[PDB]
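Enquirer: Quick one: the structure is below, questions incoming.
Rule-based calculations on the coordinates, nothing more; no lab input. Neighbour counts run over all protein chains shown; Cβ positions are idealised from the backbone, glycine included.
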Amino acid sequence: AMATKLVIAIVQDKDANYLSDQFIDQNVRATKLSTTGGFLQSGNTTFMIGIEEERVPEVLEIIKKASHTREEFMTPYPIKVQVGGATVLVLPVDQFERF
Amino acid sequence: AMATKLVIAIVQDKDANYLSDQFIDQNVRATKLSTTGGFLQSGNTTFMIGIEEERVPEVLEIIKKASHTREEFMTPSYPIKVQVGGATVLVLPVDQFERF
Amino acid sequence: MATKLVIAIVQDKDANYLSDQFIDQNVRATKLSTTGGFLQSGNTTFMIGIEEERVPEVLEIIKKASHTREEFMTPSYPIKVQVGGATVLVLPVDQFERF
């Protein structure tokens, strides 16, 4: 009855710190890779998360809050500029073990 | 309401440059990792692609062309024909896919 | 064809022996270096495309190579310290190609 799923969240380096700390204080075993992506093929991070099915939406909301797309004020006259964004996918898991 | 899959493509560092560019000019959101593999446990690169089911075959063809196994002529630091490239790829189902 | 993918997350200290194990065992693993755990420290992840029939074989290779245990460590009176431990999940795959 151990219905397990894997969530893969791709996320911006900026938000990756706060998120990973969130996961911990939220009792979520995440493992973090660093990747590239985007038009400019810049750096970002990817998370992989073995989690029980029942808890997924908990996890997704954790992410949304941490890394949703927003705009902020930035100076090179400050300007509103867009930051953040997360793409995430949750895969099924046939079997899950800890050794 | 659009069934998406995830393709994972493992590929030669040599061809990863061209491919990744291809993905972009062809509107494929791939994310690229730096890995090791093979008998020598040397460096290659892995790709991860969240894409709609209907589009998978397209993506595979993009890969095959960009990274299939071939032979090339190479002089050793008189020339000889050696094998290069090669790509392994898996496509797996995804239950749910969100952008935030 | 009946391919499955195993992701195995495993401690840096065990990863060398494991990766050699895979090779000598005709298992094609690809290896990422990642971080995880409470302290957010380096470990390593493996991804392994494999015929369904061989999964338990692979799993055993892993359990043996990376299971959790205690060893004798000296702080820089030897002491028993716990080490290793792996966590692994095997997922289905719809389609597998080599090019």
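Enquirer: Could you calculate the FRET efficiency of A:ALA3 with B:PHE73 from 1/(1 + (r/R0)^6), where r is the beta carbon distance between them and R0 is 45 Å, rounded to 0.05? Intermediate results must be reported in sequence, preceding the final value.
Expert: Values: r = 54 Å, r/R0 = 1.20.
With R0 = 45 Å, the Cβ-Cβ based efficiency is 0.25.
Enquirer: Given H placed 1.01 Å from N in the peptide plane, which residues other than close sequence neighbours of C:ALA86 have an amide H under 5 Å from its amide H?
Expert: It is A:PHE99, C:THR68, by chain and number.
Enquirer: So, in Å, what gap is there between the alpha-carbon centers of the stretch B:1-47 and the stretch C:54-99?
Expert: 26
Enquirer: Taking 0.36 nm per intervening residue step and subtracting the Cα-Cα distance, what contour gain separates B:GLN26 from B:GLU53 on full extension?
Expert: Additional length available on full extension: 8.1 nm.
Enquirer: Bin by bin, in steps of 10 Å, what percent of the Cα pairs in the protein assembly as shown do you find, going until the bin that has the longest distance?
Expert: Going from the shortest bin to the longest, the percentages are 6, 26, 34, 23, 9, 3, 0.
Enquirer: Pop a pseudo-label 7 angstrom from the Cα along the beta-carbon direction at both C:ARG98 and C:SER33 and give the gap in nm to one decimal.
Expert: 2.8
Enquirer: Put a dot 7 Å past each Cα toward the Cβ at A:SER42 and B:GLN83; how far apart are the dots in nm?
Expert: 4.2
Enquirer: Add -39500 (n - 2.57) for each DSSP H run of 4 or more in the protein assembly as shown, then divide by its residues: what number comes out at 222 nm, to the nearest 500 deg cm²/dmol? If you can, show how the numbers build up before the last one.
Expert: Values: 6 runs with 75 residues, N = 298.
Rounded to the nearest 500, the figure is -8000 deg cm²/dmol.
Enquirer: For the stretch B:3-94, treating each Cα as an identical point scatterer without solvent, what Debye log10 I(q)/I(0) comes out at q = 0.13 1/Å?
Expert: Here log10 of I(q) over I(0) equals -0.46.
Enquirer: Each residue of the stretch A:39-47 in order: what ³J(HN,Hα) in whole Hz does its phi give by Karplus 6.51 cos²θ - 1.76 cosθ + 1.60, θ = phi - 60°, with x for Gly and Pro?
Expert: 4, 8, 6, 7, x, 8, 10, 10, 10
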